[PDB]
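*Asks:* This structure is in structure tokens; I'll ask about it shortly.
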Amino acid sequence: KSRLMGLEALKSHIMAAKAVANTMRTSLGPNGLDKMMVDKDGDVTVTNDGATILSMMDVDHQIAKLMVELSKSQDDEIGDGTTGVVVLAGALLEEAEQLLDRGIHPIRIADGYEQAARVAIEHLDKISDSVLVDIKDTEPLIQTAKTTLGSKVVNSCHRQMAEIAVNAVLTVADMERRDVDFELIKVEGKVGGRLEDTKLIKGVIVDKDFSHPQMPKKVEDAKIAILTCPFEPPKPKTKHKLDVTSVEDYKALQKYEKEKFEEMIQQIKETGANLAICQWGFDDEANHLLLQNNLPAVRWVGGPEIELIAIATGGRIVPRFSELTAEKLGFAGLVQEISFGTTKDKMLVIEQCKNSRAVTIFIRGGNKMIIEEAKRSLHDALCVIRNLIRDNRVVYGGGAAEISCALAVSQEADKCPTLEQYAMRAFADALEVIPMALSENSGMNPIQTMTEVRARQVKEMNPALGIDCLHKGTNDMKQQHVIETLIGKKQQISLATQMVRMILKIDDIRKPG
Amino acid sequence: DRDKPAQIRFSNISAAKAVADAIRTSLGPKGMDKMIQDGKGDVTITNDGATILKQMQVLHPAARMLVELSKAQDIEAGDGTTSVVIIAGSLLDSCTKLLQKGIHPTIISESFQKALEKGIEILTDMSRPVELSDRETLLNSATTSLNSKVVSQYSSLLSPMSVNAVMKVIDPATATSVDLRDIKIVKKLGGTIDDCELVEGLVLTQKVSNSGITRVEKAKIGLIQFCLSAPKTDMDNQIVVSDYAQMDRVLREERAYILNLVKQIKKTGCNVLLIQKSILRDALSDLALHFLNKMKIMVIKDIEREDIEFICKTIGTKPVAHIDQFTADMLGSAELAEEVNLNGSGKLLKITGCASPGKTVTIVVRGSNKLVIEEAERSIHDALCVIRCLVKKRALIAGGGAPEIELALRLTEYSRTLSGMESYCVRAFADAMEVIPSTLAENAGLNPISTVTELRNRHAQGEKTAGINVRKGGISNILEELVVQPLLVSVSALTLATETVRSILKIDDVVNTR
Amino acid sequence: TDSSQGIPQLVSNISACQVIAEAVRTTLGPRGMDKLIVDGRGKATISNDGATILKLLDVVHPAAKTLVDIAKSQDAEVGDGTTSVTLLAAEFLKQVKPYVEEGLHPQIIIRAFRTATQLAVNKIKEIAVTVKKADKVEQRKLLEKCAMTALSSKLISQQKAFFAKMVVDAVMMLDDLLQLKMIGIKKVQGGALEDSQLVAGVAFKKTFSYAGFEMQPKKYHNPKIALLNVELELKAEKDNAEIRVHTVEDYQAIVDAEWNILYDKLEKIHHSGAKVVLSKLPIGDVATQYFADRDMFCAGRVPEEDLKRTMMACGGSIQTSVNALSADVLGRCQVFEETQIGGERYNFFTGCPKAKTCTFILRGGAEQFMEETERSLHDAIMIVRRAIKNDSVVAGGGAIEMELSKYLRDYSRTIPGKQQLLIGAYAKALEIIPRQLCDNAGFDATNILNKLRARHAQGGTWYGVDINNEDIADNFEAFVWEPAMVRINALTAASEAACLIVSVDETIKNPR
Ligand SMILES: Nc1ncnc2c1ncn2[C@@H]1O[C@H](COP(=O)(O)OP(=O)(O)O)[C@@H](O)[C@H]1O
């Protein structure tokens, strides 16, 4: 095993980084082609995600593992945009290896990129807008939803799900001192109806998964009840079976269970209880008998789900079975069964709560890819509305911000000791790769369009000119209602700079050769 | 198709880059030496680029084109015949990366032409004009541009010859000069080099004869060009020679044969004869010379073709040939001749040439040990060359790397201001102008990148600041050092380099042969 | 199948030592390069310290093994000077290599090296200047200048430097050692309103909350941490065991039979006085309710470092029994507070009878600022400890090697023997610190060594080297110093290693 001494290790690392970034450079923008993925079995899927593809990627390099780890660790604050950072890092590494061939230490360019990103952020902070009120975030809601979603899962537009997701965040933002929590909103998915049947569960919705839909089931309840005492023969987290060396003990236990059913129904009828949910259960035979004899009630409520049952009512619990009354329970409002299919199981939706801590959305589908794309669009909308309510500052997209930053870097670079201008010119030219790739992904020439838009931006003012991927009329940005958050761009730039610095810092020798 | 022309262009670019890189460490006064080895084993130490370019041999279209370009640059201007190769190499290296992306050569050629025109106009608008209608300003410009070519003692030694050659005021400040049309600087061995003076008419160095008095005035030149050789025999001996008979025949053929021709030729006035070089004559009959000793004898040998061309142009006559000639168009001018030595060895005759339509005057230089004569010849050659270069125009500028950085910054700002896809190609020119200052800083012994960055910062701040010094070894202003150069040596060089680049870029396709 | 003895053996030893010398060289200055090391398991680690690299590498060479053993012993006995000694030994070997093949007996250079080392030690002892409570009036100016020197190493904020000075001055009570490996430090995660906070006691991390967690009092008058290795979780206790399944009365009977013993055990362990249960395993669902019904405290999921810090601060005893305990192996606190900041719940154990550890919370509300900017504070507190404990000090940097080299070169011109060239080579080999320091920063050492030699030719001050301004300034005014006791030990160790290397002439192998 020989040791890589000299400049071959850096060249190999840059080549590996470029070969890795070439995979993400092809799929860029909404006009990207569907990328396929197949595992060991015969499961072949198609999608376009910068995080799903990088997760199931197999590499044989030490730098690729750190790269994909840094790419996956930063995705909760930007949402959509984990593909351009790789291309930016690849272009920066290519410029670094091009400028290093003349005999320049990587420390100089690594320190210059810091001030380059600093001045880029300083220039981007002054070119934005701050005139958003209670109308600028409510009237263009349909335009923002159309720009976020697009036309990938459904050709027509969708206004119900967008308004539902907006209200689900508006009912929690201003209520908890302009703050929102990720654990408060949940995403649920189940096949059934169509995509337009979007429901907003104000309370909590719980499924039961029945076994036989032909069993007579009639709804007739009006008050919920929570208990901790064993309402029925419980299961102490142990798979019970025929562990009795007798034959009459089975009939004895059946008679005892019938007597217990009779006693329980007489107590809930003499005190005023109804659907009492505990934290234990039994087999399916007991539930079948309880549904066949009289009174509809289904057990099987084991697990942490009882926690939500301790929060969707309003009160406390009982430590002993011999401590029950008409005031220690909890009153309800409308607790019944809901089943839109009328052929499957039932669902319970709590419509009585003093706070909003489990608001969720319910979207029906018909396959596996459409529901996944719908949930991805919903997550992206939630992320963008969180970024909007966190800071009322946005910026125009398309590809004008990169050109403006490059122009500002090229302009504010008159004085230079011996490396400042070199670093600023090696960092500015690497920013014009995103619009070039976006224009090359379509059926137009990227070089000519980029030169034309740069000339148009440098001739007159109003830096709001870019390219169009939908083939429309003019190349304006304020007319297509396209917008992009600035915090996400700042985070992406910071992550790219940190990754470039970490790559340019660790490059000495390697132990396994 | 497309692969074959691309491979042909790549091979041509690689060959041109190899030719340009074969010699590069020789620009500036602190250049490196090179020992060229001959085919027989002899080695020669040299440092000039033109000698290495004209000595080596290689078969290639790009190499031959570069050699022709260097020869044309040396013939036209005469100075800086090594920077054009580096400029062409940088332009080809830029065109390589320009074509690697996917740009048509027409747009690249148009951008190169526009950049060349812009640079030429900037160089013409930046340079300052001077005056030369009088003699004081001309002498000042001469003594300011002459004290920066060689060392101090050589300059002080050539200053008398320089001020003697610059005194030739013939053209009344015209557009072009004729310094290469009527100049014939001769060389003479023996004596002191201090005895030099401008001489008109004609200067010779062959003895006429060795008789009595030879101080006459009969045209002083024999306009004759017919054959004077003896009729050769068909073989060695036509018959058997022993006693008489055959001896009397050859005696009469040697004595009473050519004498009749001499008599029939001497019947015309002005008995002045001569002959060319004795490269084809075996031996001349001395009997004819003894018979010609009477009635005035005058003969001058050792005459080349250039001497005949100079005599036929200074006096203003045309030579005649053939034997059947009964005209009278062979006379010249009679004034004074018969000169002696100037207190030393070596025969040399001079004629001032009074009342002549041609006012051609030359400089008769001398020397000793063949060590200070060729040096003075090269010195006066460079002197009259730079004098003609300065009198061709009026613009001048200083060198060191400042104009290159200025032109690079101007081209960068023009590509940033001008719109269009061709601007990128113009940017390539902005990356093909900072090679001379970097090479100078590398040959001096300092950091080239830091010096280039400092020069660029100074040019962006205070416009015209300083450049690169060689004697002191730092960054000092050029206004104190007496060193300048005409604007033509840069404009013509840039135009020739751009033309050569366009010619080598427009040629492609396949290279068929016989 | 070939082997020799003498010159070839020494040449092979020098060539083997050069490999381990060139393996670690760039990691010397403050901004050295990083190195990624991975073994056959599949986990890689990035490190830049020379000791960590030398500890995770083994050489099958006797000379290299002895060298790394001497380096490890020096690092364990002192704590600074691991790569410098190796570089000095490598330079000495490289300088002595050409003076061996010319037919020279190495038994005459050991005396010259010993005399040179003794002269250097004497010069350092006669040139060292110590200052400790003799000027600068009251100690207020002394501590002010100490804090200024601590904040002069890295350009940081003023509040951070003040907090670092407070946390380094509020821990000097019973500590009488020469290293900070006793109290230690711990970096926390999260965010707060301020930039940094200080407290005296044991800290904690995020704790999982359940239903009804506010039943316990937030403030305790006299809490007692229960040091019990057993836990009260659903997996530990049980409500139904191996019993005959017939009806529901047997379940109640067995659960009462178990609850009797459970209540007996809990009342026996609570009658001793302990009430703050710190269970290692996380709590369940009914255990919290049972603890809140008895007006007690419950916890779960705690690391071992926090338990060790609590045992060291509060003075707890190691208990190896569950039941049959006494009231003397228990801990006693004073103030136990629970304050939530942001999205986490923080704990404060203030009032320990043994002031040992203190928590320096550094939370700014980020994810990258916690890991980064962590070596500057460590270097600052190390410099503070070295300036407080040690008395002798001298100007750091490359201002002490050039003077010694010049003195040795001037003294070597007054000896008429074969030791002249030896002392000259020893003085020339001493120039390896500033050249490497300039090469590691990406500068030109050739343009600085000449200026340093010109300045030290007749001055003899404390003019070292610079990094930021890239020039030559006085190191005595830059507020950078070093103890005058570590350099002597490092030079002695290097001389001993060189003597041990040059003393070995051959080796002896044995198959069986
Ligand atoms: N006195 C001087 N000071 C600074 N630079 C000089 C000086 N003399 C010549 N040079 C530089 O040397 C270069 C020409 O060197 P060289 O190739 O040897 O002469 P030539 O070009 O006439 O063959 C010019 O570009 C000029 O800038």
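We label chains A, B, ... in the order they appear in the structure tokens, count residues from 1 in each chain, and number ligands from 1 in the order shown.
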Could you report the residues within 9 Å of ligand 1, using only C-alpha atoms and all ligand atoms, as an NGL selection string?
*Replies:* :B and (26-31 or 47-50 or 78-83 or 148-149 or 398-401 or 436-437 or 440 or 467-471 or 478 or 481-484)
*Asks:* Restricting it to C-alpha atoms, dump the selection as a tab-separated table (two decimals), in the first residue's frame.
*Replies:*
chain	number	residue	atom	x	y	z
B	26	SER	CA	15.63	35.06	-23.64
B	27	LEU	CA	13.44	38.20	-23.43
B	28	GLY	CA	15.07	41.16	-21.72
B	29	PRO	CA	18.66	42.15	-20.92
B	30	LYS	CA	18.98	39.39	-18.29
B	31	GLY	CA	18.27	36.50	-20.66
B	47	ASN	CA	21.26	34.43	-27.05
B	48	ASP	CA	19.45	36.18	-29.92
B	49	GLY	CA	16.07	34.83	-30.96
B	50	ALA	CA	16.43	35.59	-34.66
B	78	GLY	CA	13.56	45.65	-37.09
B	79	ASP	CA	13.20	45.42	-33.30
B	80	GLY	CA	11.40	43.04	-30.96
B	81	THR	CA	11.32	39.93	-33.14
B	82	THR	CA	10.69	37.59	-30.19
B	83	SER	CA	7.54	38.96	-28.51
B	148	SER	CA	19.68	52.69	-23.98
B	149	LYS	CA	20.78	50.04	-26.53
B	398	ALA	CA	8.07	53.71	-22.63
B	399	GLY	CA	8.32	49.97	-22.07
B	400	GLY	CA	8.36	47.69	-19.06
B	401	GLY	CA	4.90	46.15	-18.92
B	436	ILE	CA	5.54	40.09	-21.09
B	437	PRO	CA	5.49	41.67	-17.58
B	440	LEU	CA	10.17	40.02	-17.10
B	467	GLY	CA	6.62	49.60	-14.40
B	468	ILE	CA	9.37	47.02	-13.87
B	469	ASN	CA	13.02	47.97	-13.35
B	470	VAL	CA	16.03	45.79	-14.17
B	471	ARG	CA	19.11	47.72	-13.03
B	478	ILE	CA	10.34	55.28	-15.99
B	481	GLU	CA	15.51	56.27	-16.81
B	482	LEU	CA	16.42	57.35	-20.35
B	483	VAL	CA	14.65	54.56	-22.22
B	484	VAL	CA	11.88	54.85	-24.84
*Asks:* Determine, counting only C-alpha atoms, which protein, DNA and RNA residues have an atom within 12 Å of an atom of segment 147-151 of chain C; residues of the same chain fewer than 4 positions away are not included. Present the result as a PyMOL selection string.
*Replies:* chain C and resi 140-143+155-169+376-388+476-481
*Asks:* Can those selected residues be exported to a file as a compact mmCIF listing (two decimals), in the first residue's frame so that it contains N, CA and C atoms?
*Replies:*
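File produced: selection-v6.txt:
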# COMPACT_ATOMS: atom_id res chain seq x y z
N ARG C 140 -5.04 43.66 40.91
CA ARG C 140 -6.08 43.97 39.94
C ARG C 140 -5.49 44.23 38.56
N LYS C 141 -4.42 45.03 38.49
CA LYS C 141 -3.75 45.25 37.21
C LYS C 141 -3.13 43.96 36.68
N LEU C 142 -2.64 43.10 37.58
CA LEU C 142 -2.07 41.83 37.15
C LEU C 142 -3.12 40.96 36.47
N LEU C 143 -4.29 40.81 37.09
CA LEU C 143 -5.34 40.00 36.48
C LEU C 143 -5.91 40.67 35.24
N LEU C 155 -8.91 36.99 18.15
CA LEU C 155 -9.76 38.18 18.07
C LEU C 155 -11.21 37.76 18.22
N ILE C 156 -11.72 37.83 19.45
CA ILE C 156 -13.11 37.47 19.74
C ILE C 156 -13.82 38.67 20.35
N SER C 157 -15.04 38.45 20.84
CA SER C 157 -15.81 39.52 21.45
C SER C 157 -15.31 39.80 22.86
N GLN C 158 -15.75 40.93 23.41
CA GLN C 158 -15.33 41.32 24.76
C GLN C 158 -16.10 40.54 25.83
N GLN C 159 -17.40 40.32 25.61
CA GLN C 159 -18.20 39.60 26.60
C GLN C 159 -17.75 38.15 26.71
N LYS C 160 -17.39 37.52 25.59
CA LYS C 160 -16.90 36.15 25.64
C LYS C 160 -15.57 36.06 26.39
N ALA C 161 -14.68 37.02 26.16
CA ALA C 161 -13.41 37.03 26.88
C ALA C 161 -13.62 37.27 28.37
N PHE C 162 -14.56 38.15 28.73
CA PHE C 162 -14.86 38.39 30.14
C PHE C 162 -15.43 37.14 30.79
N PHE C 163 -16.33 36.44 30.09
CA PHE C 163 -16.90 35.22 30.64
C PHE C 163 -15.85 34.13 30.79
N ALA C 164 -14.92 34.04 29.83
CA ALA C 164 -13.84 33.07 29.94
C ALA C 164 -12.92 33.39 31.11
N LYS C 165 -12.60 34.67 31.31
CA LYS C 165 -11.79 35.06 32.45
C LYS C 165 -12.50 34.75 33.77
N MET C 166 -13.82 34.99 33.82
CA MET C 166 -14.57 34.68 35.03
C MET C 166 -14.59 33.18 35.31
N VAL C 167 -14.78 32.37 34.27
CA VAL C 167 -14.84 30.92 34.46
C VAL C 167 -13.46 30.33 34.74
N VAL C 168 -12.39 31.03 34.36
CA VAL C 168 -11.05 30.55 34.68
C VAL C 168 -10.54 31.08 36.02
N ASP C 169 -11.13 32.15 36.54
CA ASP C 169 -10.75 32.67 37.85
C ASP C 169 -11.64 32.18 38.98
N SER C 376 -10.04 27.82 20.62
CA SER C 376 -9.54 29.11 21.07
C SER C 376 -9.67 29.25 22.59
N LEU C 377 -10.83 28.88 23.14
CA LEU C 377 -11.02 28.96 24.58
C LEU C 377 -10.10 27.98 25.31
N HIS C 378 -9.88 26.80 24.73
CA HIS C 378 -8.97 25.84 25.33
C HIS C 378 -7.54 26.38 25.37
N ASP C 379 -7.09 26.96 24.26
CA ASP C 379 -5.75 27.55 24.24
C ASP C 379 -5.65 28.71 25.22
N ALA C 380 -6.71 29.51 25.34
CA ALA C 380 -6.69 30.64 26.26
C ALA C 380 -6.58 30.18 27.70
N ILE C 381 -7.39 29.19 28.09
CA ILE C 381 -7.34 28.71 29.47
C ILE C 381 -6.03 27.98 29.74
N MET C 382 -5.46 27.31 28.73
CA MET C 382 -4.17 26.67 28.92
C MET C 382 -3.07 27.71 29.13
N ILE C 383 -3.09 28.80 28.36
CA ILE C 383 -2.11 29.86 28.54
C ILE C 383 -2.28 30.51 29.91
N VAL C 384 -3.53 30.70 30.34
CA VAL C 384 -3.79 31.28 31.66
C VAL C 384 -3.24 30.38 32.76
N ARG C 385 -3.48 29.07 32.65
CA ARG C 385 -2.98 28.14 33.66
C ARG C 385 -1.45 28.11 33.66
N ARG C 386 -0.83 28.15 32.48
CA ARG C 386 0.62 28.13 32.41
C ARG C 386 1.23 29.40 32.99
N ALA C 387 0.55 30.54 32.81
CA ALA C 387 1.05 31.79 33.35
C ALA C 387 0.81 31.91 34.85
N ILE C 388 -0.24 31.26 35.36
CA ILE C 388 -0.54 31.34 36.79
C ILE C 388 0.33 30.36 37.57
N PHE C 476 7.96 40.18 22.45
CA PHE C 476 7.73 40.57 23.84
C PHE C 476 6.56 41.53 23.97
N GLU C 477 6.26 42.29 22.91
CA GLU C 477 5.16 43.24 22.93
C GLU C 477 3.87 42.67 22.35
N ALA C 478 3.93 41.52 21.69
CA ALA C 478 2.75 40.90 21.10
C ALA C 478 1.93 40.09 22.10
N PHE C 479 2.31 40.11 23.38
CA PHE C 479 1.61 39.38 24.44
C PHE C 479 1.55 37.89 24.13
N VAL C 480 2.71 37.31 23.83
CA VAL C 480 2.85 35.88 23.58
C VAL C 480 4.14 35.42 24.25
N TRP C 481 4.02 34.45 25.16
CA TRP C 481 5.15 33.96 25.93
C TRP C 481 5.06 32.45 26.05
*Asks:* Taking only C-alpha atoms into account, name the residue in C:296, C:348, C:265, C:242 that is nearest to residue 322 of chain C.
*Replies:* C:265
*Asks:* Mind the document's chain letters and residue numbers, and return as a list in words the residues of segment 72-280 of chain A that DSSP labels strand (DSSP E or B).
*Replies:*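 After running DSSP on the backbone, segment 72-280 of chain A has strand (DSSP E or B) at residues 129, 186, 187, 188, 189, 190, 191, 198, 199, 200, 201, 205, 206, 207, 224, 225, 226, 275, 276 and 277 of chain A.
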*Asks:* Would you mind reading off the distance between atom CA of residue 277 of chain C and atom CA of residue 291 of chain C, one decimal, in Å?
*Replies:*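 Taking atom CA of residue 277 of chain C and atom CA of residue 291 of chain C, their separation equals 9.8 Å.
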*Asks:* Would you mind listing, as a list in words, all residues of chain A that have at least one atom within 9 Å of chain C, where only C-alpha atoms are what counts?
*Replies:*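 Those within range of chain C come out as residues 62, 105, 106, 107, 108, 233, 236, 243, 244, 249, 250, 252, 253, 256, 257, 307, 310, 311, 319, 505, 506, 507, 508, 509, 510, 511 and 512 of chain A.
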*Asks:* Would you kindly return, as a PyMOL selection string, each protein, DNA or RNA residue with an atom no farther than 12 Å from any atom of residue 7 of chain B, considering only C-alpha atoms and excluding same-chain residues fewer than 4 positions away?
*Replies:* chain B and resi 1-3+11-14+96+508-511
*Asks:* When distances are computed from only C-alpha atoms, which of A:5, A:264, A:431, A:453 shows the smallest separation from chain B?
*Replies:*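 With only C-alpha atoms as the atom set, the closest residue is A:453.
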*Asks:* Taking only C-alpha atoms into account, which residues of chain B are within 10 Å of chain A, as a ChimeraX atom specification?
*Replies:* /B:416-424,449-454,456-458,460-461
*Asks:* Please produce a file of the residues just selected, as an mmCIF file, in the first residue's frame, where the atoms kept are N, CA and C atoms.
*Replies:*
data_model
loop_
_atom_site.group_PDB
_atom_site.id
_atom_site.type_symbol
_atom_site.label_atom_id
_atom_site.label_comp_id
_atom_site.auth_asym_id
_atom_site.auth_seq_id
_atom_site.Cartn_x
_atom_site.Cartn_y
_atom_site.Cartn_z
ATOM 1 N N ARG B 416 -16.625 44.034 -20.675
ATOM 2 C CA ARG B 416 -17.670 44.179 -19.668
ATOM 3 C C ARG B 416 -18.742 45.166 -20.111
ATOM 4 N N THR B 417 -18.366 46.184 -20.888
ATOM 5 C CA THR B 417 -19.340 47.169 -21.348
ATOM 6 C C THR B 417 -20.070 46.698 -22.601
ATOM 7 N N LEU B 418 -19.339 46.182 -23.585
ATOM 8 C CA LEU B 418 -19.956 45.744 -24.829
ATOM 9 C C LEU B 418 -20.791 44.489 -24.603
ATOM 10 N N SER B 419 -21.932 44.422 -25.283
ATOM 11 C CA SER B 419 -22.858 43.307 -25.169
ATOM 12 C C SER B 419 -22.718 42.378 -26.368
ATOM 13 N N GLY B 420 -23.118 41.124 -26.174
ATOM 14 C CA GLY B 420 -23.049 40.135 -27.232
ATOM 15 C C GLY B 420 -22.256 38.904 -26.849
ATOM 16 N N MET B 421 -22.501 37.791 -27.545
ATOM 17 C CA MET B 421 -21.781 36.556 -27.260
ATOM 18 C C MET B 421 -20.299 36.658 -27.594
ATOM 19 N N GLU B 422 -19.920 37.564 -28.498
ATOM 20 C CA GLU B 422 -18.517 37.723 -28.858
ATOM 21 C C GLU B 422 -17.690 38.321 -27.727
ATOM 22 N N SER B 423 -18.333 38.994 -26.768
ATOM 23 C CA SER B 423 -17.599 39.632 -25.678
ATOM 24 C C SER B 423 -16.743 38.624 -24.920
ATOM 25 N N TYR B 424 -17.268 37.414 -24.708
ATOM 26 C CA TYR B 424 -16.486 36.361 -24.067
ATOM 27 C C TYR B 424 -15.173 36.132 -24.804
ATOM 28 N N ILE B 449 3.496 36.887 -9.857
ATOM 29 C CA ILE B 449 2.075 37.101 -9.598
ATOM 30 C C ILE B 449 1.871 38.339 -8.733
ATOM 31 N N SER B 450 2.672 38.478 -7.673
ATOM 32 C CA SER B 450 2.541 39.636 -6.793
ATOM 33 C C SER B 450 2.878 40.927 -7.528
ATOM 34 N N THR B 451 3.923 40.904 -8.359
ATOM 35 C CA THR B 451 4.288 42.096 -9.119
ATOM 36 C C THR B 451 3.202 42.465 -10.123
ATOM 37 N N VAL B 452 2.618 41.467 -10.791
ATOM 38 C CA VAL B 452 1.548 41.736 -11.747
ATOM 39 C C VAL B 452 0.333 42.316 -11.036
ATOM 40 N N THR B 453 -0.011 41.766 -9.868
ATOM 41 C CA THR B 453 -1.153 42.281 -9.118
ATOM 42 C C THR B 453 -0.902 43.706 -8.639
ATOM 43 N N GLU B 454 0.319 43.994 -8.177
ATOM 44 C CA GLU B 454 0.644 45.349 -7.743
ATOM 45 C C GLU B 454 0.590 46.329 -8.908
ATOM 46 N N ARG B 456 -1.248 46.009 -11.628
ATOM 47 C CA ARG B 456 -2.654 46.186 -11.979
ATOM 48 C C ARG B 456 -3.356 47.110 -10.992
ATOM 49 N N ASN B 457 -3.058 46.967 -9.698
ATOM 50 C CA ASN B 457 -3.655 47.849 -8.700
ATOM 51 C C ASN B 457 -3.210 49.291 -8.904
ATOM 52 N N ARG B 458 -1.923 49.500 -9.195
ATOM 53 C CA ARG B 458 -1.431 50.854 -9.430
ATOM 54 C C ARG B 458 -2.048 51.457 -10.686
ATOM 55 N N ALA B 460 -5.029 50.688 -11.891
ATOM 56 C CA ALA B 460 -6.425 50.976 -11.594
ATOM 57 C C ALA B 460 -6.575 52.178 -10.669
ATOM 58 N N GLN B 461 -5.569 52.449 -9.838
ATOM 59 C CA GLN B 461 -5.630 53.578 -8.901
ATOM 60 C C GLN B 461 -5.157 54.867 -9.567
#
*Asks:* From a DSSP calculation on the backbone, collect every residue of segment 110-176 of chain C in helix (DSSP H, G or I) and output the set as a VMD selection string.
*Replies:* chain C and resid 110 to 127 139 to 151 158 to 169
*Asks:* What does the structure give for the distance between atom CA of residue 209 of chain B and atom CA of residue 310 of chain B, in Å to one decimal?
*Replies:* 23.4 Å
*Asks:* Considering only C-alpha atoms, return as JSON, numbers by chain whatever protein or nucleic-acid residues lie within 8 Å of segment 218-235 of chain B, sequence-local ones (same chain, fewer than 4 positions apart) excluded.
*Replies:* {"B": [270, 271, 272, 273, 274, 275, 281, 284, 319, 320, 321, 322, 323, 330, 331, 332, 333, 334, 335, 337]}
*Asks:* Between C:114, C:67, C:447, C:473, which has the minimum distance to chain B (counting only C-alpha atoms)?
*Replies:*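 Ranked by minimum distance to chain B, first place goes to C:447.
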*Asks:* Can you list, as a list in words, every protein, DNA or RNA residue that comes within 12 Å of residue 327 of chain A when you count only C-alpha atoms, leaving out same-chain residues fewer than 2 positions away?
*Replies:*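 After dropping sequence-adjacent residues, the list is residues 225, 271, 272, 273, 315, 316, 317, 318, 323, 324, 325, 329, 330 and 331 of chain A.
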*Asks:* Go ahead and write the selection's residues with C-alpha atoms as a PDB file, in the first residue's frame.
*Replies:*
ATOM      1  CA  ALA A 225     -64.694   8.278  29.053  1.00  0.00           C
ATOM      2  CA  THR A 271     -73.332   5.382  36.509  1.00  0.00           C
ATOM      3  CA  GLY A 272     -73.580   7.054  33.096  1.00  0.00           C
ATOM      4  CA  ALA A 273     -70.531   5.825  31.152  1.00  0.00           C
ATOM      5  CA  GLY A 315     -59.244  15.819  32.851  1.00  0.00           C
ATOM      6  CA  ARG A 316     -57.335  13.190  34.790  1.00  0.00           C
ATOM      7  CA  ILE A 317     -57.448   9.425  35.395  1.00  0.00           C
ATOM      8  CA  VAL A 318     -58.458   7.078  38.216  1.00  0.00           C
ATOM      9  CA  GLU A 323     -62.981   5.252  42.864  1.00  0.00           C
ATOM     10  CA  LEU A 324     -65.465   6.073  40.089  1.00  0.00           C
ATOM     11  CA  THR A 325     -68.246   8.665  40.116  1.00  0.00           C
ATOM     12  CA  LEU A 329     -64.886  11.344  34.129  1.00  0.00           C
ATOM     13  CA  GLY A 330     -64.893  13.813  31.227  1.00  0.00           C
ATOM     14  CA  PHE A 331     -67.766  15.301  29.248  1.00  0.00           C
TER      15      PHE A 331
END
*Asks:* Could you pull the residues within 8 Å of residue 133 of chain B, counting only C-alpha atoms, minus those fewer than 4 positions along the same chain, as a VMD selection string?
*Replies:* chain B and resid 137 to 138 173
*Asks:* With C-alpha atoms retained, write the just-selected residues as a compact mmCIF listing (two decimals), in the first residue's frame.
*Replies:*
# COMPACT_ATOMS: atom_id res chain seq x y z
CA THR B 137 14.77 68.51 -31.11
CA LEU B 138 15.88 65.79 -33.54
CA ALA B 173 10.76 65.48 -43.22
*Asks:* For a test of reading the model, state the distance in Å between atom CA of residue 134 of chain C and atom CA of residue 396 of chain C, rounded to one decimal.
*Replies:*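 Spanning atom CA of residue 134 of chain C to atom CA of residue 396 of chain C is a straight-line distance of 22.1 Å.
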*Asks:* Report as a list in words all protein, DNA and RNA residues lying within 12 Å of residue 39 of chain B, evaluated on only C-alpha atoms, omitting residues in the same chain fewer than 3 positions from it.
*Replies:*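 Within the cut-off, the hits are residues 36, 42, 43, 44, 55 and 56 of chain B.
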